[PDB]
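Here's the structure, in structure tokens; my notes come after.
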Amino acid sequence: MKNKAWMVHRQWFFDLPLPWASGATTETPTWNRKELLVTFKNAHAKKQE
Amino acid sequence: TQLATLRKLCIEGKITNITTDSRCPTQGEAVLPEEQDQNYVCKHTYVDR
Amino acid sequence: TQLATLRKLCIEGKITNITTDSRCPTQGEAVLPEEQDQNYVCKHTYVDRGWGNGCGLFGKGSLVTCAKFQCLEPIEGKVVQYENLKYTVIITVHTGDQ
Amino acid sequence: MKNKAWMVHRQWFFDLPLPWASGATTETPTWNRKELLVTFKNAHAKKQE
Amino acid sequence: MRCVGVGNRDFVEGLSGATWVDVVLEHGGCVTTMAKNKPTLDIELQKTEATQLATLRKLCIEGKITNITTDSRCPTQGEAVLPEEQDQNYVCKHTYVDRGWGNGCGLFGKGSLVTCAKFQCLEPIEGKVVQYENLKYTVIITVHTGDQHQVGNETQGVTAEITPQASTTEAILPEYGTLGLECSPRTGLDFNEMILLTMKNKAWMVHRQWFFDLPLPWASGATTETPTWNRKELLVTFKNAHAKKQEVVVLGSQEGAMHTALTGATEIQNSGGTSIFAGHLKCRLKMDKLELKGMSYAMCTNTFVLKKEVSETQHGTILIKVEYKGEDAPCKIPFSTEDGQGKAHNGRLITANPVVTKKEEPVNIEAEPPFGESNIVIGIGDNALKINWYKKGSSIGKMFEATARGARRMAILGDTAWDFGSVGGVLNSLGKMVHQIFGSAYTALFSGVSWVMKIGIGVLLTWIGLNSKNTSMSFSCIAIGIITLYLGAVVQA
Amino acid sequence: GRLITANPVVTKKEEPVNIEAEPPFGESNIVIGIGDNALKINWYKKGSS
Amino acid sequence: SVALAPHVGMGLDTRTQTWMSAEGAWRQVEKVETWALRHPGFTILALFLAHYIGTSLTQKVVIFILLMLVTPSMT
Amino acid sequence: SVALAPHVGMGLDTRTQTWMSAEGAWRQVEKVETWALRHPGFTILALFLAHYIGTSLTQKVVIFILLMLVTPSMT
Amino acid sequence: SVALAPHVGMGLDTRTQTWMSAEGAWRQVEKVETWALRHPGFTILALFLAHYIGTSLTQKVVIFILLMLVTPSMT
Amino acid sequence: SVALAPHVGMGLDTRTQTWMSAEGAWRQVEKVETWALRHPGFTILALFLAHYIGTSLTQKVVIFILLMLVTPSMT
Ligand SMILES: *[C@@H]1O[C@H](CO)[C@@H](O[C@@H]2O[C@H](CO)[C@@H](O[C@@H]3O[C@H](CO)[C@@H](O)[C@H](O)[C@@H]3O)[C@H](O)[C@H]2NC(C)=O)[C@H](O)[C@H]1NC(C)=O
Ligand SMILES: *[C@@H]1O[C@H](CO)[C@@H](O[C@@H]2O[C@H](CO)[C@@H](O[C@@H]3O[C@H](CO)[C@@H](O)[C@H](O)[C@@H]3O)[C@H](O)[C@H]2NC(C)=O)[C@H](O)[C@H]1NC(C)=O
Ligand SMILES: *[C@@H]1O[C@H](CO)[C@@H](O[C@@H]2O[C@H](CO)[C@@H](O)[C@H](O)[C@H]2NC(C)=O)[C@H](O)[C@H]1NC(C)=O
Ligand SMILES: *[C@@H]1O[C@H](CO)[C@@H](O[C@@H]2O[C@H](CO)[C@@H](O)[C@H](O)[C@H]2NC(C)=O)[C@H](O)[C@H]1NC(C)=O
């Protein structure tokens, strides 16, 4: 990531919770599990943002 | 050398377009046309009308 | 009269546009770019891959399939709200009449 | 359904194990729980359709 | 070579008297036959056709109703009969309806009522049977040739077709001698009680009695011009709104309820002539007429080089692909295994005779090292590159995996799995006999018990076994319970 | 087992003489002629003694 | 799969005759009986279970009959 | 009606995976669980029956669990 | 912060929703559970430690639950 | 989020130090310490629980230390 690199155990590299993609660099990645990053907040009843 | 890329993650977001829809009580869950695209994420919540 | 649909549910379905990708055994899961569509049904299963399947590392890799889904003859369950009932009652008198 | 109607309990109808839609008389529905109507035979372990 | 990493592939190192080894090759996966001073034969079952089927009885799923008729009687007149009731195409039912002066009957009360309906089912599913004298069992075998296009190939081998007409057949390998298959297709998976259940475009295999107890109207299957349906009443219902009158309604199609009605059934592809898969047959291998490629070749005297890396096969074996750049004649590939800090010879060549063919074919060697750290030297001379592979695991892990494989194999074939390696006979036969004696009664006892219910009854029997003051009762109940749980965890594969 | 027929003999070559025999219960092979090409017939009788 | 859990026992009805009254009413017990006729061995198994547990007679009957009613229905 | 008595338990199979393995395997217990969730009162009834009959504890458990398994399946 | 000490349980709550409740409800629990399913090796040691420490099933259970809960959350 | 569950003990041993050994060696204990300094109330509850559950000295001290570690971490 950025200008730095790392080595992480493979089993631990899928269980860290973030959106992930096929890694085909096709310029339009359809991200699996988009819900995890974006967060909905519902105020006291009423609208939703 | 000669690496292979798989599971590129995403560590930021930019929610550009937002849409909403409502339905009267006891009238089923309100669908939104922008639901079946491969780039939209959302959940259903309950509001008092 | 004047019923409200509420939710409908289908009985017969049709499947089109089969797609499939696979990974080498230790690469992890496999994802197709069309999985996020609500019209696609997906399932993950483990398949043994090898040099006969064009993968350098032998073992069991994940597999996934997709399918467009458009149900036919959907049955719909409507509800009747109270403000549209049409109860009627017919009464007769014991007239002397043939 | 088809040409015959029926009367059913609310919870029972909400627990029929078939994929449902919203019923918002939309142009195209967005089916919940599609997986339950279609099976995926896995002949041995070679491939599945 | 015909199969690597399939998951159920299992070696058989049998050298009996007169060199015949009995393997019961199931359809799911192959077997590999490593033998001393013989070419290691790899055998997998291929498509098992069975053509020219006989219809037997067919039964329908969707029905249609036409030509409604109805008569009624005054309450005390008795039953009512329509002149068309005796037709086998008409469905009839008697119900009591209240009649009166509003219905043009002088006497008030409840009179009988009857309805009729012509019946012609649509999309009838037909259940055919296969008699033994048309089976098309075929077996494709391959030899562990040094060849680059052999690592996991599925379209290279020698086809040995073995019908019950020709019970025993021999297949001639092109330059390795010949193999003698002494099979026994008649004792394979039962094919006189199973009934193919081809409907729409998908086929199925079902039990004889179960197919004779499907609650749908059937026909004879005599390929007549028009069928004569038995037990039509069960597909159509007769709503009786209050007590005024009744009409008839069909129950639509049934293909969904049918597809649900058979889950444990195995599926079979059916295109034209049926090509059913998933059957298993036992066979005897006459390996006494084999030769090992060329045993009169010289050993190589030049270098080797790895075109592609080595890799495991989840069975403790390696596939080393080697290209021989040395211009000299085709030569036997020298091989030795160097153990950790030792010159000892451990491990063996599954290929058993790796030889280069044309100096340009990267012929590949397949072997297994000891479970420690190993060194695989591949050539003669000091400049002979050493492939080093570290195979994770221990011998006891191999023992446990073998125990699991053996138990799982017994869970399917029953008594037939008792003989899968050498012929033996001194002690194998007695074990087979005793296990068959117990297992026929066992499988005749629990026939028809589900997943969770078999698990539950097993655990109930175990709990009974842990609460009795009798050695016999305790041991019998606990053994039966544990066996039942293990069988339930594998049943409905 | 037992050859239920007394001792079958081919009276004339042109048209077959048909044998009858009763094999044992177990799966047993049956040969006829002599040599490599001798016709051999497999059978599997169902049942026990 | 929908045929399991048929709409029955729910209280929503009247004296008007409902859908498939006689057929649906006797369907379940006919299926249980035919499954029992298919596999008589489980009768021996259930008799053994009833005999070796219960420590009474009415209890023996209850476990035997109800257990025999379970398996064809859980099938 | 044919969905009852599914083809299962009959011994005719091998290691090749059969029709609808996972779905069909878990279907029956899922249906039983959802029926139980629909009607919790029968849990009280079965507890009363188990408590007032059995004259033991393991027997109480056996009648309770098996009885609770019956009714959603006989439904 | 370092996102190791979430601002939770301060008591100054109101009817209105917090910043993130639907996820912070189960975040830490899911971390513990994914840890436990990933590594079962610690379970054997935790069972031993709870078992050989003075054993009354109350004490054994509380020690086992705490010891199995603390290591994941506080690595 | 991802900030939780570092692979501190992942076991891929190396000779050179890791990304942040200096901070990560003490960050968890720092969190516990600052949580305790912020909130002294939990100490009384932990002492009470240990005293009224701990039959012996060692059981009491183990219960106290586990309770005083789990809650600040689970916060
Ligand atoms: C799903 O599968 C179907 C076939 O099973 C695919 O239909 C095919 O779609 C392509 C592109 O839409 C069609 O090609 C078209 O041909 C015309 C001929 O002039 C050309 O001018 C267009 O530019 C286009 O390339 C193709 O005919 C069609 N095949 C059929 C209908 O049999 C479909 O694309 C798959 N995907 C989806 C989302 O439906
Ligand atoms: C079952 O019901 C159908 C209608 O639901 C009946 O079909 C009707 O049959 C009659 C006699 O076969 C047809 O009348 C014919 O009309 C031609 C017109 O020229 C006349 O020349 C013939 O002599 C004959 O009378 C009628 O058209 C036909 N209606 C249809 C087909 O809609 C049928 O008779 C009933 N019974 C059976 C056993 O099918
Ligand atoms: C979703 O949001 C995008 C964000 O830009 C919107 O696209 C704009 O649409 C308006 C309306 O016609 C145009 O005037 C702008 O020029 C558009 N901007 C861009 C960058 O395209 C629009 O609301 C949505 N876009 C979709 C649905 O494709
Ligand atoms: C399985 O073996 C066959 C036979 O060798 C392979 O088919 C050959 O493919 C090569 C490709 O370079 C051709 O040059 C040959 O002419 C083919 N031989 C034939 C068709 O008889 C096949 O490719 C092998 N399978 C795999 C997956 O490689």
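If you're wondering about the labels, chains in the structure tokens are A, B, ... by order shown, residues count from 1 in each chain, ligands from 1 in order shown.
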Taking 2 positions as the minimum chain separation for residues in the same chain, which residues sit within 8 Å of residue B:32 when counting only C-alpha atoms? Answer as JSON, numbers by chain.
{"B": [20, 21, 30, 34, 35]}
Least-squares superpose chain J onto chain G - every C-alpha atom, paired in order - and show me the moved coordinates as a compact mmCIF listing (two decimals) with N, CA and C atoms, in the first residue's frame.
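The new file selection.txt reads:
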```txt
# COMPACT_ATOMS: atom_id res chain seq x y z
N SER J 1 -40.02 -28.48 -0.03
CA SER J 1 -40.34 -27.14 -0.49
C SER J 1 -41.64 -26.66 0.15
N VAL J 2 -42.39 -25.85 -0.60
CA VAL J 2 -43.63 -25.29 -0.07
C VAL J 2 -44.67 -26.37 0.19
N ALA J 3 -44.53 -27.54 -0.44
CA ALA J 3 -45.49 -28.61 -0.22
C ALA J 3 -45.55 -29.02 1.25
N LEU J 4 -44.45 -28.85 1.97
CA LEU J 4 -44.44 -29.10 3.40
C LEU J 4 -45.12 -27.95 4.14
N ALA J 5 -45.47 -28.21 5.39
CA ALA J 5 -46.08 -27.24 6.30
C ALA J 5 -47.37 -26.63 5.75
N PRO J 6 -48.41 -27.42 5.52
CA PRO J 6 -49.72 -26.83 5.23
C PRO J 6 -50.28 -26.19 6.49
N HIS J 7 -51.18 -25.22 6.29
CA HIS J 7 -51.76 -24.56 7.45
C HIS J 7 -53.05 -25.26 7.86
N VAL J 8 -52.94 -26.57 8.12
CA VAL J 8 -54.12 -27.35 8.48
C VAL J 8 -54.75 -26.81 9.75
N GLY J 9 -53.93 -26.55 10.77
CA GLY J 9 -54.45 -26.14 12.05
C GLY J 9 -54.43 -24.65 12.27
N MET J 10 -54.35 -23.88 11.18
CA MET J 10 -54.10 -22.45 11.29
C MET J 10 -55.18 -21.75 12.10
N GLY J 11 -56.36 -22.37 12.21
CA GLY J 11 -57.36 -21.91 13.15
C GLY J 11 -58.34 -20.88 12.63
N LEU J 12 -58.22 -20.47 11.36
CA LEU J 12 -59.21 -19.56 10.78
C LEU J 12 -60.44 -20.39 10.44
N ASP J 13 -61.23 -20.67 11.48
CA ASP J 13 -62.36 -21.57 11.37
C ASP J 13 -63.41 -21.01 10.41
N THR J 14 -64.06 -21.92 9.69
CA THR J 14 -65.11 -21.57 8.74
C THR J 14 -66.15 -22.68 8.76
N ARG J 15 -67.34 -22.35 8.25
CA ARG J 15 -68.41 -23.34 8.23
C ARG J 15 -68.27 -24.28 7.03
N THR J 16 -68.08 -23.72 5.84
CA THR J 16 -67.90 -24.55 4.67
C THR J 16 -66.56 -25.28 4.74
N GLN J 17 -66.46 -26.37 4.00
CA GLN J 17 -65.22 -27.13 4.02
C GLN J 17 -64.11 -26.36 3.30
N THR J 18 -62.90 -26.87 3.42
CA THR J 18 -61.72 -26.21 2.89
C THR J 18 -61.43 -26.64 1.46
N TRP J 19 -60.23 -26.30 0.99
CA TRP J 19 -59.82 -26.60 -0.38
C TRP J 19 -59.83 -28.11 -0.64
N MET J 20 -59.02 -28.85 0.10
CA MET J 20 -59.02 -30.31 0.03
C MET J 20 -59.15 -30.86 1.45
N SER J 21 -60.39 -30.93 1.94
CA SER J 21 -60.61 -31.57 3.23
C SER J 21 -60.53 -33.08 3.11
N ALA J 22 -61.10 -33.63 2.03
CA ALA J 22 -61.21 -35.08 1.90
C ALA J 22 -59.85 -35.76 1.91
N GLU J 23 -58.94 -35.31 1.04
CA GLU J 23 -57.62 -35.91 1.01
C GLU J 23 -56.79 -35.52 2.22
N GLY J 24 -56.77 -34.23 2.56
CA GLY J 24 -55.89 -33.76 3.61
C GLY J 24 -56.25 -34.31 4.98
N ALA J 25 -57.48 -34.81 5.12
CA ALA J 25 -57.88 -35.40 6.39
C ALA J 25 -57.09 -36.67 6.68
N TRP J 26 -56.65 -37.38 5.63
CA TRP J 26 -56.03 -38.68 5.80
C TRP J 26 -54.68 -38.83 5.11
N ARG J 27 -54.18 -37.80 4.43
CA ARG J 27 -52.96 -37.98 3.65
C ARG J 27 -51.76 -38.28 4.55
N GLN J 28 -51.67 -37.63 5.71
CA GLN J 28 -50.53 -37.86 6.59
C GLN J 28 -50.54 -39.28 7.15
N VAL J 29 -51.70 -39.74 7.60
CA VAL J 29 -51.82 -41.11 8.09
C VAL J 29 -51.57 -42.09 6.95
N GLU J 30 -51.98 -41.74 5.73
CA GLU J 30 -51.69 -42.58 4.58
C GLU J 30 -50.20 -42.70 4.35
N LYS J 31 -49.48 -41.58 4.47
CA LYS J 31 -48.03 -41.62 4.33
C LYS J 31 -47.40 -42.53 5.37
N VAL J 32 -47.83 -42.39 6.63
CA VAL J 32 -47.28 -43.24 7.68
C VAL J 32 -47.58 -44.70 7.40
N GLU J 33 -48.81 -44.99 6.97
CA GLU J 33 -49.22 -46.37 6.73
C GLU J 33 -48.42 -46.99 5.59
N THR J 34 -48.25 -46.26 4.49
CA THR J 34 -47.51 -46.81 3.36
C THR J 34 -46.03 -46.94 3.70
N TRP J 35 -45.50 -46.02 4.51
CA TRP J 35 -44.12 -46.14 4.96
C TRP J 35 -43.94 -47.39 5.80
N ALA J 36 -44.88 -47.66 6.70
CA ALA J 36 -44.78 -48.86 7.53
C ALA J 36 -44.89 -50.12 6.70
N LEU J 37 -45.82 -50.15 5.74
CA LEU J 37 -45.97 -51.34 4.90
C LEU J 37 -44.73 -51.57 4.06
N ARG J 38 -44.14 -50.50 3.54
CA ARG J 38 -42.89 -50.62 2.79
C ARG J 38 -41.78 -51.19 3.67
N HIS J 39 -41.57 -50.57 4.83
CA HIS J 39 -40.44 -50.88 5.69
C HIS J 39 -40.92 -51.44 7.01
N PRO J 40 -40.80 -52.75 7.23
CA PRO J 40 -41.13 -53.33 8.53
C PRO J 40 -39.99 -53.31 9.53
N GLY J 41 -38.79 -52.93 9.10
CA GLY J 41 -37.63 -53.06 9.97
C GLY J 41 -37.70 -52.17 11.20
N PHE J 42 -38.27 -50.98 11.06
CA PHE J 42 -38.26 -50.03 12.17
C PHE J 42 -39.12 -50.49 13.33
N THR J 43 -40.08 -51.39 13.07
CA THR J 43 -40.97 -51.83 14.14
C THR J 43 -40.20 -52.57 15.23
N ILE J 44 -39.27 -53.44 14.83
CA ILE J 44 -38.47 -54.17 15.81
C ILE J 44 -37.65 -53.21 16.65
N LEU J 45 -37.02 -52.22 16.02
CA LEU J 45 -36.21 -51.26 16.77
C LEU J 45 -37.07 -50.47 17.74
N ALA J 46 -38.25 -50.02 17.29
CA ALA J 46 -39.12 -49.26 18.18
C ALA J 46 -39.57 -50.10 19.37
N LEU J 47 -39.92 -51.37 19.12
CA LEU J 47 -40.31 -52.25 20.21
C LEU J 47 -39.16 -52.43 21.19
N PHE J 48 -37.94 -52.63 20.68
CA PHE J 48 -36.78 -52.79 21.55
C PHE J 48 -36.56 -51.55 22.40
N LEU J 49 -36.58 -50.37 21.78
CA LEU J 49 -36.35 -49.14 22.52
C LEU J 49 -37.41 -48.94 23.59
N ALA J 50 -38.68 -49.11 23.24
CA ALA J 50 -39.74 -48.94 24.22
C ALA J 50 -39.59 -49.93 25.36
N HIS J 51 -39.29 -51.19 25.04
CA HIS J 51 -39.20 -52.22 26.07
C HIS J 51 -38.05 -51.95 27.03
N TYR J 52 -36.94 -51.42 26.52
CA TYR J 52 -35.79 -51.20 27.39
C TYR J 52 -35.70 -49.79 27.94
N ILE J 53 -36.64 -48.90 27.63
CA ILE J 53 -36.73 -47.60 28.28
C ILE J 53 -38.02 -47.46 29.09
N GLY J 54 -39.10 -48.08 28.64
CA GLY J 54 -40.38 -47.94 29.31
C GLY J 54 -40.44 -48.66 30.63
N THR J 55 -40.46 -47.90 31.73
CA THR J 55 -40.56 -48.52 33.05
C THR J 55 -41.92 -49.15 33.26
N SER J 56 -42.98 -48.47 32.83
CA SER J 56 -44.35 -48.94 32.99
C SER J 56 -44.96 -49.26 31.64
N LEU J 57 -46.20 -49.75 31.67
CA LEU J 57 -46.90 -50.08 30.44
C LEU J 57 -47.20 -48.83 29.62
N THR J 58 -47.79 -47.82 30.26
CA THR J 58 -48.22 -46.63 29.53
C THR J 58 -47.03 -45.89 28.93
N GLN J 59 -45.93 -45.80 29.68
CA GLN J 59 -44.74 -45.14 29.16
C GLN J 59 -44.21 -45.90 27.94
N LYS J 60 -44.20 -47.23 28.02
CA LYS J 60 -43.74 -48.03 26.90
C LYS J 60 -44.60 -47.80 25.66
N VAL J 61 -45.92 -47.81 25.83
CA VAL J 61 -46.79 -47.69 24.66
C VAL J 61 -46.69 -46.29 24.06
N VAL J 62 -46.57 -45.26 24.91
CA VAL J 62 -46.43 -43.90 24.40
C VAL J 62 -45.13 -43.75 23.63
N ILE J 63 -44.04 -44.28 24.18
CA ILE J 63 -42.75 -44.22 23.49
C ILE J 63 -42.84 -44.93 22.15
N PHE J 64 -43.45 -46.12 22.13
CA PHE J 64 -43.54 -46.88 20.90
C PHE J 64 -44.33 -46.12 19.84
N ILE J 65 -45.47 -45.55 20.22
CA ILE J 65 -46.31 -44.89 19.23
C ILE J 65 -45.64 -43.62 18.72
N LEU J 66 -44.99 -42.87 19.61
CA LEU J 66 -44.30 -41.66 19.16
C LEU J 66 -43.15 -42.00 18.23
N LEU J 67 -42.36 -43.03 18.55
CA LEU J 67 -41.26 -43.40 17.67
C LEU J 67 -41.78 -43.89 16.33
N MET J 68 -42.85 -44.68 16.34
CA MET J 68 -43.40 -45.18 15.09
C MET J 68 -44.08 -44.09 14.27
N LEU J 69 -44.43 -42.96 14.87
CA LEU J 69 -44.96 -41.84 14.09
C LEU J 69 -43.88 -40.89 13.59
N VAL J 70 -42.87 -40.58 14.41
CA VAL J 70 -41.94 -39.52 14.06
C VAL J 70 -41.08 -39.91 12.87
N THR J 71 -40.52 -41.11 12.88
CA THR J 71 -39.56 -41.49 11.85
C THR J 71 -40.17 -41.52 10.45
N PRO J 72 -41.32 -42.15 10.21
CA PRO J 72 -41.89 -42.09 8.85
C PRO J 72 -42.18 -40.68 8.40
N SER J 73 -42.63 -39.82 9.31
CA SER J 73 -42.86 -38.43 8.99
C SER J 73 -41.58 -37.66 8.75
N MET J 74 -40.53 -37.93 9.53
CA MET J 74 -39.25 -37.26 9.36
C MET J 74 -38.48 -37.77 8.16
N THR J 75 -38.97 -38.81 7.50
CA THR J 75 -38.32 -39.35 6.31
C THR J 75 -38.51 -38.42 5.13
```
Sort by chain and increasing residue number a table of all residues of chain B within 12 Å of ligand 3, each with its closest pair of atoms and their distance in Å to one decimal, counting only C-alpha atoms and all ligand atoms, and write it as a Markdown table.
```
| residue | atom | partner | partner_atom_place_in_ligand_line | distance |
| --- | --- | --- | --- | --- |
| B:14 | CA | ligand 3 | 4 (C) | 11.1 |
| B:15 | CA | ligand 3 | 2 (O) | 9.3 |
| B:16 | CA | ligand 3 | 4 (C) | 5.8 |
| B:17 | CA | ligand 3 | 2 (O) | 3.9 |
| B:18 | CA | ligand 3 | 1 (C) | 6.9 |
| B:19 | CA | ligand 3 | 1 (C) | 8.4 |
| B:33 | CA | ligand 3 | 27 (C) | 10.3 |
| B:34 | CA | ligand 3 | 27 (C) | 8.1 |
| B:35 | CA | ligand 3 | 27 (C) | 11.6 |
| B:37 | CA | ligand 3 | 27 (C) | 10.5 |
| B:39 | CA | ligand 3 | 27 (C) | 11.0 |
| B:40 | CA | ligand 3 | 27 (C) | 10.7 |
```
Export N, CA and C atoms of the chosen residues as a tab-separated table (two decimals), in the first residue's frame?
```tsv
chain	number	residue	atom	x	y	z
B	14	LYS	N	-16.17	7.08	-1.50
B	14	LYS	CA	-16.71	8.38	-1.90
B	14	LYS	C	-18.13	8.14	-2.40
B	15	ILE	N	-19.10	8.28	-1.50
B	15	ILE	CA	-20.49	8.12	-1.88
B	15	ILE	C	-20.92	9.33	-2.69
B	16	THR	N	-21.04	9.15	-4.00
B	16	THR	CA	-21.33	10.25	-4.90
B	16	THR	C	-22.83	10.46	-5.08
B	17	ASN	N	-23.57	9.43	-5.50
B	17	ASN	CA	-24.99	9.57	-5.79
B	17	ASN	C	-25.80	8.88	-4.70
B	18	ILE	N	-26.85	9.55	-4.24
B	18	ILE	CA	-27.72	9.05	-3.18
B	18	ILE	C	-29.16	9.12	-3.66
B	19	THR	N	-29.94	8.09	-3.32
B	19	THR	CA	-31.33	8.02	-3.71
B	19	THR	C	-32.12	7.41	-2.56
B	33	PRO	N	-35.30	1.75	-8.02
B	33	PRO	CA	-34.79	1.25	-9.31
B	33	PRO	C	-33.29	1.05	-9.32
B	34	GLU	N	-32.55	1.83	-8.54
B	34	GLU	CA	-31.09	1.73	-8.49
B	34	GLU	C	-30.67	0.70	-7.43
B	35	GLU	N	-31.25	-0.49	-7.55
B	35	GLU	CA	-31.01	-1.57	-6.61
B	35	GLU	C	-30.23	-2.72	-7.20
B	37	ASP	N	-28.02	-2.68	-9.70
B	37	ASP	CA	-26.72	-2.38	-10.28
B	37	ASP	C	-25.60	-2.95	-9.42
B	39	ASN	N	-23.01	-1.63	-8.26
B	39	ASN	CA	-22.25	-0.61	-7.55
B	39	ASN	C	-23.02	0.07	-6.43
B	40	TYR	N	-24.21	-0.40	-6.10
B	40	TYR	CA	-25.05	0.23	-5.09
B	40	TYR	C	-25.18	-0.66	-3.87
```
With only C-alpha atoms and all ligand atoms counted and 8 Å as the cut-off, give the residues of chain E in contact with ligand 4, each with its shortest interatomic distance in Å and the pair that gives it, as a Markdown table.
```
| residue | atom | partner | partner_atom_place_in_ligand_line | distance |
| --- | --- | --- | --- | --- |
| E:149 | CA | ligand 4 | 2 (O) | 5.1 |
| E:150 | CA | ligand 4 | 1 (C) | 6.3 |
| E:152 | CA | ligand 4 | 27 (C) | 7.1 |
| E:153 | CA | ligand 4 | 1 (C) | 4.8 |
| E:154 | CA | ligand 4 | 1 (C) | 6.5 |
| E:155 | CA | ligand 4 | 1 (C) | 5.6 |
| E:156 | CA | ligand 4 | 2 (O) | 5.5 |
```
Check the DSSP output for the backbone and give back, as number ranges by chain, the residues of chain A in helix (DSSP H, G or I).
A: 10-13
Just N, CA and C atoms for this one: save the residues we selected as a PDB file, in the first residue's frame.
```
ATOM      1  N   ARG A  10      -1.380 -15.650   5.263  1.00  0.00           N
ATOM      2  CA  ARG A  10      -2.480 -15.654   4.302  1.00  0.00           C
ATOM      3  C   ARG A  10      -3.824 -15.810   4.995  1.00  0.00           C
ATOM      4  N   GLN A  11      -3.922 -16.758   5.929  1.00  0.00           N
ATOM      5  CA  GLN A  11      -5.178 -16.977   6.634  1.00  0.00           C
ATOM      6  C   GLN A  11      -5.689 -15.708   7.291  1.00  0.00           C
ATOM      7  N   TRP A  12      -4.792 -14.831   7.722  1.00  0.00           N
ATOM      8  CA  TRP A  12      -5.179 -13.572   8.330  1.00  0.00           C
ATOM      9  C   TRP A  12      -5.474 -12.490   7.302  1.00  0.00           C
ATOM     10  N   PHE A  13      -5.117 -12.697   6.037  1.00  0.00           N
ATOM     11  CA  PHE A  13      -5.317 -11.665   5.030  1.00  0.00           C
ATOM     12  C   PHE A  13      -6.698 -11.707   4.387  1.00  0.00           C
TER      13      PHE A  13
END
```
For ligand 1, list the contacting residues at 12 Å or closer, counting only C-alpha atoms and all ligand atoms, as a ChimeraX atom specification.
/C:15-19,34,37,39-40,66-70
Test item: residues at most 7 Å from residue A:30, only C-alpha atoms, excluding those fewer than 5 positions along its chain, as a list in words
residues 21 of chain A; 38 and 39 of chain B; 33 of chain C
Those residues you just picked out, can you put them in a file as a CSV table (one decimal), in the first residue's frame with N, CA, C and O atoms?
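Okay, result26.csv is ready:
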```
chain,number,residue,atom,x,y,z
A,21,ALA,N,-12.0,-7.2,-3.8
A,21,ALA,CA,-12.4,-7.3,-5.2
A,21,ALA,C,-11.5,-8.4,-5.9
A,21,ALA,O,-10.6,-8.9,-5.3
B,38,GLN,N,-24.4,-3.1,-10.0
B,38,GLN,CA,-23.3,-3.8,-9.4
B,38,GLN,C,-22.5,-2.8,-8.6
B,38,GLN,O,-21.3,-3.1,-8.3
B,39,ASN,N,-23.0,-1.6,-8.3
B,39,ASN,CA,-22.2,-0.6,-7.6
B,39,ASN,C,-23.0,0.1,-6.4
B,39,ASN,O,-22.5,1.1,-5.9
C,33,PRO,N,-17.5,-10.8,-11.1
C,33,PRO,CA,-17.9,-9.3,-11.0
C,33,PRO,C,-19.4,-9.1,-11.0
C,33,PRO,O,-19.8,-8.0,-10.6
```
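Annotation: chain D versus chain A, same sequence, C-alpha RMSD 0.8 Å after least-squares fit.
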Would you list the residues that come within 9 Å of ligand 2? Count only C-alpha atoms and all ligand atoms and give the answer as number ranges by chain.
E: 66-68, 118
Backbone DSSP call of strand (DSSP E or B) for stretch 1-48 of chain D, listed as an NGL selection string:
:D and (20 or 32 or 42-43 or 47-48)
With C-alpha atoms retained, write the just-selected residues as a PDB file, in the first residue's frame.
```
ATOM      1  CA  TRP D  20     -40.683 -13.077  -2.774  1.00  0.00           C
ATOM      2  CA  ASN D  32     -35.260 -11.943  -2.107  1.00  0.00           C
ATOM      3  CA  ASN D  42     -22.120 -30.915  -7.928  1.00  0.00           C
ATOM      4  CA  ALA D  43     -21.310 -33.998  -9.965  1.00  0.00           C
ATOM      5  CA  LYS D  47     -17.571 -29.073 -11.680  1.00  0.00           C
ATOM      6  CA  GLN D  48     -21.061 -27.839 -10.866  1.00  0.00           C
TER       7      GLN D  48
END
```
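If you look at atom CA of residue C:51 and atom CA of residue E:312, they are 11.3 Å away from each other.
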Residue B:23 environment, 9 Å, only C-alpha atoms, sequence neighbours closer than 5 positions dropped, as a list in words:
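My list of contacting residues is residues 28, 29, 30, 31 and 49 of chain B; 24 of chain D.
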Using only C-alpha atoms: which of F:3, F:24, F:11, F:30 has the shortest distance to residue F:45:
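Looking only at the distances to residue F:45, the closest residue turns out to be F:24.
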